[PDB]
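# next input, structure requested:
(6 chains)
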Amino acid sequence: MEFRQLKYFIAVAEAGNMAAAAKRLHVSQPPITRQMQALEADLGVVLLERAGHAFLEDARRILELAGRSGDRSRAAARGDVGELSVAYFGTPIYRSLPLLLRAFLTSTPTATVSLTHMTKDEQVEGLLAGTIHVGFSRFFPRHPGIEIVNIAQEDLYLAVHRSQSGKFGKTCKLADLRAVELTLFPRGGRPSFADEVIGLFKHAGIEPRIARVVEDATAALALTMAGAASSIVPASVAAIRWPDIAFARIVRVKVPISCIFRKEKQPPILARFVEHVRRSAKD
Amino acid sequence: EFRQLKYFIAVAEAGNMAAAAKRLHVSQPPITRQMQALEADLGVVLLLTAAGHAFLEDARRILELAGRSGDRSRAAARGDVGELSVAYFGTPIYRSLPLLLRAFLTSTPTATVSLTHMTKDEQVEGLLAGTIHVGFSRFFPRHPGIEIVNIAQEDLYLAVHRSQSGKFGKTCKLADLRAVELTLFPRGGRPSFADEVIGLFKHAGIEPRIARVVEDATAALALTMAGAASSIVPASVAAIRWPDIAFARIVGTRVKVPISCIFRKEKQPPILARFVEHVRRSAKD
Amino acid sequence: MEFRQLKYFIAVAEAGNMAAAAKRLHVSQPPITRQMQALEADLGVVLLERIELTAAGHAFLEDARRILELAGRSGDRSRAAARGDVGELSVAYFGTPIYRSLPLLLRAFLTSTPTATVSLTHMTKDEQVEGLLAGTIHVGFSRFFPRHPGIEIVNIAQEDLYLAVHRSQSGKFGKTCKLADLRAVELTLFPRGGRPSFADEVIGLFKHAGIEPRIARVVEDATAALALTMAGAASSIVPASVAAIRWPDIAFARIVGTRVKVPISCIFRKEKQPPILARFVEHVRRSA
Amino acid sequence: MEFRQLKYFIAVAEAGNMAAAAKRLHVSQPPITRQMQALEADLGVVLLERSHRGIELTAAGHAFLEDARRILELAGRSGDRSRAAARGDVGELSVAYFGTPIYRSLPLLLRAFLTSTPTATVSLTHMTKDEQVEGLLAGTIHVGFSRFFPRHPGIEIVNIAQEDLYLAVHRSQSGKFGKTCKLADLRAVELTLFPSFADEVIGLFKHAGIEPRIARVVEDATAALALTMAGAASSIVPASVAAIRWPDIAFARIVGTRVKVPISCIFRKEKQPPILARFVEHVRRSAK
DNA sequence: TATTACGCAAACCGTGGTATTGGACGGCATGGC
DNA sequence: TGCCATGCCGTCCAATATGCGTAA
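Numbers count the residues shown, from 1 in each chain, chains lettered A, B, ... in the order given. And now the structure:
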């Protein structure tokens, strides 16, 4: 079986004659009878004569998917349809990353996403291999073939129990915070949030008081919700109305958002994300 | 062209063009030239596969309809009933669904059957698009236009190594299992069996000690046969007499799992209607 | 078998080389090497290989970290006994109760018992029963536990369940919805990989109510699920602790039913209990 | 904080008088009292009150005496745990399988290895021959099991045993070929094969001199057996598949010169872990 | 009106030792209660 | 008279350096 025999058969069916369709497609009569006579051999039955209803219901359905299939394969390359395998790590989940995907899904409504938790490292392997598309965290070291895109900057906020709201007012700076018993995060991750918080202190001269380092951002505020600790978080987390906790920005003391992706052989839906995240960067 | 699709599907299988030609007894220049012609006729980079995997999917669909148009037309001319395309997910494939298929093929002798493995969700996509007439599994969520009919219900059986066989006996309750290392299944087929087993445990106030979930039933029973872990199967598998594995009927009130099938109620082809009449005719049996 | 042979080995396995480790330890390379060849003698197994660790190296790593962090706990365990303080209650947790539940119990406990402190450690519903029976953890919190022969399971309270949809979907369910109201909501659950946990009970509670539910996705934790919900790509189900927090662009709707509660629970080894856990267990039972 | 003070302070407490401790320790007394100064200086707390009649443990004395024995078990017991890891006595053998050996062959090999290494475990995941090698090289999988493995750099094939082939046909059709049969008897039978495998089966007819009549083709073994016991197909299966008493299926031993499929065992050549290093010790030895 | 009988053009395949100096830690002797 | 601390010194450890149109 081949394609010409199916369009012929449909044309011969709609025209009711092996010559009325021969003009409906602009070719002489011998080939009309040359291919349907050969069509009834690629099948075995006698469709028409000087089972035909059974093979017609299929032939119009074989070409229908053929045209529709071409419109999928092309639109797939245009990145209009496709699942984005997003990987993440840490603080930008609470507010940052969700707004970036929902804004990207407004940009490309047919696309879907799949979240896969991964450390800043397992992203690099996951990107250099092709398991994931983008990896979200804050502090990424360079890697010979991975490009970073710094999107924006977040403020850092002190978290404290509501009982001690007035003890630090609305907002206070970094030096006001030498005796605060900061309990940071995360335990996992070789140089992540806490390590850079410690860094912004030494660059500011104050050696920080740190009592414990817990697993999550939500584990440091868990201790704060019980008054058993005080922590410091990005503006993403402080945007959430956390019960029993009070927040205060810290006043050259920002941390960034950065997605990482492989620079070679980029899938289309990934490049449509890169398009939306770069236009969303400078704005 | 039809010669083009084949080549492409043989090339996505192969990964390189040289091996694919070996599978077609052709050379590399022919398939390369035709893939160039096809990439140009479609308008998408298909190269080492590219973002035109959707074309691979639709081309598999097209060749499926080509074959199932040939065979369909033949059997329709013969006055036969045709070829009932049945999908299956999970454990029914082991014993239950084969008996149902035999009971249908003997009653409708002019009819044949074809099996392709799909998930509970892949089965609804197949029932819609016209890929399959009926799908078979255990726990189906309702879906508009699709109808579910459970043929019968099966008992559950603990499956433990023949050494740890005399410990449980001929039958055992769920409460006997509060400290048993259960290796369940199937891993990754959406909510299916293992989730129902956990639900049956959680329904009796027992949060179960579960150590593993492996590929399908055969992997769990292979870790059982290997004296590594015990599992829970339904009676379809337990009635296959697996070597070195002993089964004890898990007795209880809500300890049973159904065999259900799904089909489209909109446009029911005649073979599907005959098979549904048989299935309902075997609802009480 | 010597403490400096432990501090050297740990910094080696962490930095990944016998030079940045000596840099991280303020020593030279010869003594770092000389103490490892002495370490490989008292134990008898090759730990390091030209740097990665042998399987002997990793199994010995978790032993050496248990030793050092034990001495660090004792360093403060003694100074608090001098002042007669109640001390450190090492508590573990797994799952949804960390968002509101467990913070409030520790809040009230640290009010009634003032001289005590707490350490939070994220373990698994069976990684706890290991720590309990070994003493590394006093009480571990989570939802659904299996009975273990040495551990006493105790329930604390019930929490409700809330369907989590985007703020736009809020009118579809209003304030209250039942389980059957969700028969066709593509749900994104959690936690992924923490043995049988939350998602497996939600699958049960539907299955218990005769609803084989639609499950779309399972992600790492609750935070990752509500993220896909506040982005519109998901609709989730969270307990009361997660919903008691006001989350942006997310509308929570209570699930109404006669068997739709999930519990708060802690576990403790009932054999040789330290006195601070006793002052703690006498406070959690009073919560009922 | 060093180990010598831990053995002393316990002996000082167990003796009740530091003088008696030095004898049980086979040392002179001035070390005892001198070590306890540095011990209480590194800790920064008072453990012992001294009189002319002996000592008595302070509040820190008891509180640290428990921490002391706990540190000293692990120090001694960490050596025995590390020797087991290096010895391969402990470890999870992460096996990956593909196809028909899972029905009987691989279970018995895992059983024979576990019988010979009882303090070990097995994680059984399912992978394609390409996922195995793409995983063995990376390291996510210890050993891969399947029928026919392609020679690849970095790995090592081990053809351990051979399995005869068996005609699978329905119980009704069972008297048509006998308890055994040669390859040529199967000229007319319509064979529903499955992969890989089905490529090698046709090879076995073609290598004995037959162009077989292939009817259908699935890609699951239980899918071929399903059609067979349903009265819709016949197939050719390994002995592991025929070893299972299949409910309505009958099996007939295919006999002939070199008509058998092998059981192959694939693993990475370099840098093999202990639990694998013993497992291959059990693979090659059991080849007899 | 549908097959047939032709020919020509077109399609398409063959780190680990070595040496020294500083400290640790024990063992005898004395002082303090 | 035990029992605990304090010096002094010697030895050991450790760490830096073919497929159509045309014709029949």
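
# so what secondary structure elements neighbour the strand of greatest length in chain A?
Longest strand of chain A, by residue count under DSSP state E: strand A:146-161. Using 3 or more C-beta pairs under 8 Å, 6 or more residues apart in numbering or on different chains; DSSP states H and E, the elements in contact with strand A:146-161 are helix A:120-129, helix A:217-225, strand A:231-234, helix A:235-239, strand A:245-249, strand A:254-262, helix A:268-282. Bear in mind the C-beta positions are built from the backbone N, C-alpha and C, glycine included.

# quick check: most distant residue from the centroid of chain A.
Relative to the centre of chain A, and counting by C-alpha atoms, centre = their mean, the farthest-placed residue is residue A:50 at 59.8 Å.

# so that one: helix, strand or coil?
What DSSP: H, G, I helix; E, B strand; the rest coil gives for residue A:50 is coil.

# just the strands in the stretch 1-150 of chain A please.
A:83-88, A:112-117, A:134-137, A:146-161 (DSSP state E, counting those that start in this stretch).

# just those strands: most buried one?
strand A:134-137 (a mean of 26; mean count of other C-beta atoms under 10 Å in any protein chain shown).

# hmm, it in reach of chain C?
No. Residues of strand A:134-137 contacting chain C under C-beta under 8 Å from any C-beta of the partner chain: none, with a closest distance of 10.5 Å.

# list of residues touching that strand?
For strand A:134-137, contacts defined as C-beta atoms under 8 Å, 6 or more residues apart in numbering or on different chains pick out A:84, A:86-93, A:96-97, A:100, A:118, A:120, A:123-124, A:126-127, A:192, A:257-261, A:270, A:273.

# returning to what we had before: using a markdown table, lay out the helices and strands packed on strand A:146-161 together with distance to residue A:43.
Formatted as a markdown table, these follow (distance: least, C-beta to C-beta, whole Å):
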| stretch | distance to residue A:43 |
| --- | --- |
| helix A:120-129 | 46 |
| helix A:217-225 | 65 |
| strand A:231-234 | 67 |
| helix A:235-239 | 64 |
| strand A:245-249 | 74 |
| strand A:254-262 | 49 |
| helix A:268-282 | 39 |
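
# please identify which of those is closest to residue A:28.
helix A:268-282 (44.4 Å; C-beta to C-beta).

# which strands and helices lie in contact with the closest one?
Against helix A:268-282 (3+ C-beta pairs under 8 Å, 6+ apart) you get strand A:83-88, helix A:96-107, strand A:146-161, strand A:254-262.

# angle of the third one against strand A:245-249?
Read it as strand A:146-161. Counting by axes from the mean of the first three to the mean of the last three C-alpha atoms, to 10 degrees, strand A:146-161 lies at 130 degrees to strand A:245-249.

# from the contact counts, what lies against the next helix or strand along the chain from strand A:146-161?
The first helix or strand that comes after strand A:146-161 along the chain, using DSSP states H and E, is strand A:182-184. If contacts are counted by 3+ C-beta pairs under 8 Å, 6+ apart, strand A:182-184 sits against helix A:193-202, strand A:210-213, helix A:217-225, strand A:231-234.

# any idea which of the ones you listed is most buried?
strand A:231-234 comes out most buried of the helices and strands packed on strand A:182-184 by mean count of other C-beta under 10 Å, with a mean of 28.

# if I look at the spatially closest residue to residue A:123 that is not a sequence neighbour, how far off is DNA strand F?
Counting by C-beta to C-beta, 6 or more residues apart in numbering or on different chains, the nearest residue to residue A:123 once its immediate chain neighbours are dropped is residue A:135, at 3.2 Å. To DNA strand F, residue A:135 is 40 Å away according to C-beta to the nearest atom of the strand, to the nearest Å.

# for the helices and strands packed on strand A:146-161, which one sits closest to residue A:78?
Set against residue A:78 and scored by C-beta to C-beta, those come closest in helix A:268-282, at 6.5 Å.

# quick one: is stretch A:51-69 near chain B?
Yes. In terms of C-beta under 8 Å from any C-beta, part of stretch A:51-69 sits within range of chain B, namely A:51, A:54, A:55, A:58, A:59, A:61, A:62, A:65, A:66, A:68, A:69.

# which of those are buried?
Among these, those classed as buried by 16 or more other C-beta atoms under 10 Å in any protein chain shown are A:51, A:54, A:55, A:58, A:59, A:62, A:65, A:66, A:69.

# which ones among those lie within helices?
Assigned to helices by DSSP state H, the following of those qualify: A:54, A:55, A:58, A:59, A:62, A:65, A:66, A:69.

# what sits against the first one?
For residue A:54, the contacting residues are B:72, B:73, B:76, B:77, by C-beta under 8 Å, 6+ apart.

# which pair in those spans the largest distance?
Between any two of those (C-beta to C-beta), the greatest distance is 9.7 Å, for B:72 and B:77.

# nearest to DNA strand E among the strands of the stretch 1-150 of chain A would be which one?
Among the strands of the stretch 1-150 of chain A, the nearest to DNA strand E by C-beta to the nearest atom of the strand is strand A:146-161 (26.7 Å).

# right, is stretch A:249-257 up against chain C?
No. If you take C-beta under 8 Å from any C-beta as the test, stretch A:249-257 misses chain C, and the best it gets is 14.0 Å.
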